[PDB]
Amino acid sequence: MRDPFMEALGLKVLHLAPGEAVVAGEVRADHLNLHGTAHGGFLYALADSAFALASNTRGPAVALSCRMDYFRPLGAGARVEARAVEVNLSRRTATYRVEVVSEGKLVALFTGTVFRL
């Protein structure tokens, strides 16, 4: 299905398989903060999106808690990827690790847990 928010940010799904996903995007001018780098929310949205698709492969679920650790800033024009991998799958919950990468560099690390419906 088409995700309005994902489309609004211009995010693309490069890979989607059981328990994993890769979403890509480009930092545009409308994604910057006052400092001129990619807004923390744009990077998080990229990761959150991969996280969402990967967990949906396991069935309907709702995110509970997510953590985002920022390591490197990205400037406008930067191409970035969110790579989601399943860390734990239980009957009622699941956790995923999402690496935000740009040109071989680990830009940020995302951890998210969902509640399986």
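In case it trips you up, residue 1 is the first one in the sequence shown, and so on.
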query: Between the two ranges 38-46 and 87-95, the one averaging a larger CA B factor in the entry; finding: 87-95
query: Segment of higher mean CA temperature factor, 29-37 or 61-69; finding: 29-37
query: Position of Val114 among the chain's modelled residues by C-alpha B-factor, lowest, middle or highest third; finding: lowest
query: For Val23, the third of its chain into which the C-alpha B factor falls; finding: middle
query: Chain third (lowest, middle, highest) by recorded CA B-factor, residue given as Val107; finding: middle
